[PDB]
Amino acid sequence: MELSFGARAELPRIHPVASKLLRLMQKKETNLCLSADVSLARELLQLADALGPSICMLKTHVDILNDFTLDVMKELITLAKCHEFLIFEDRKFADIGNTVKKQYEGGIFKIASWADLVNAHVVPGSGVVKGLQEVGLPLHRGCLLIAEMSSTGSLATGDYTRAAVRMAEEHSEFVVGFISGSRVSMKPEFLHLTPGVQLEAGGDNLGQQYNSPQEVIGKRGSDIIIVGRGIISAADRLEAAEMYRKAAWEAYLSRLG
């Protein structure tokens, strides 16, 4: 009863952004999201161009880009369209609804104008989603809810994770899935994206913890791996991305049987 990405793209209740994503994952044989955690626009764009064919999604932190402009993001959209990947701004909205709507639409980043996907913490209660969706529904955007975190001491466990799943499942006109370590919803209309991924065991010195693509996708049932330093600190980022793509894709196929 587990469906391929291409069949999930057709589910009756699928969000159009999720459907677009699932179709390109199936087409390109990729369930890799690049975490493009760089500070230079040129590096961001060169990574997006070279790695675009290997990825289903490019995750940004626009607020670490020392030379952000909206024209950078126009360039990034051109590459996303060319290579067929979604743009996910990993802003982690986490305020009351009236504040996050402004943070999403406005200021100098105008996130909603260029990001297919954003994400939110569930700690404020469902007003965080209601505020975002007042901006994002008109613009045909989607949102991911942070149900679990990869870092040591995370409080996104137990009843908190359950609250995130309920909040999704109840805002499914806008919420398309989760940031999580594992499959947290049994409804196949929801995407699961998992950060904290490297091929080798380890972590960082600021609480990051790594698990492998086989563990995350194959054993824990997630859909997509989010990989930053495992790719971006490598010398050859293209070959690193291909290693991660092949790992995540085979883990998905093997789970699917």
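For every residue, the number given is its place in the sequence shown, counted from 1.
Note on 197-205 vs 30-38: mean CA B-factor is higher in 197-205. Note on 129-137 vs 86-94: mean CA B-factor is higher in 129-137. Across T78, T99, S180, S172, the greatest Cα temperature factor reported in the deposited entry is at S172.
Among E148, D116, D159, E105, the highest C-alpha B-factor recorded in the PDB entry belongs to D159. In this PDB entry, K20 carries a Cα temperature factor that places it within the middle third of its chain's modelled residues. Per-chain ranking of the deposited C-alpha B factor places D49 in the middle third. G228: CA B factor in the lowest third of modelled residues in this chain (values from the PDB entry). Residue-level temperature factors show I55 in the lowest third of its chain, judged at the C-alpha atom.
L65 sits in the middle third of its chain by CA B factor, as recorded in the PDB entry.
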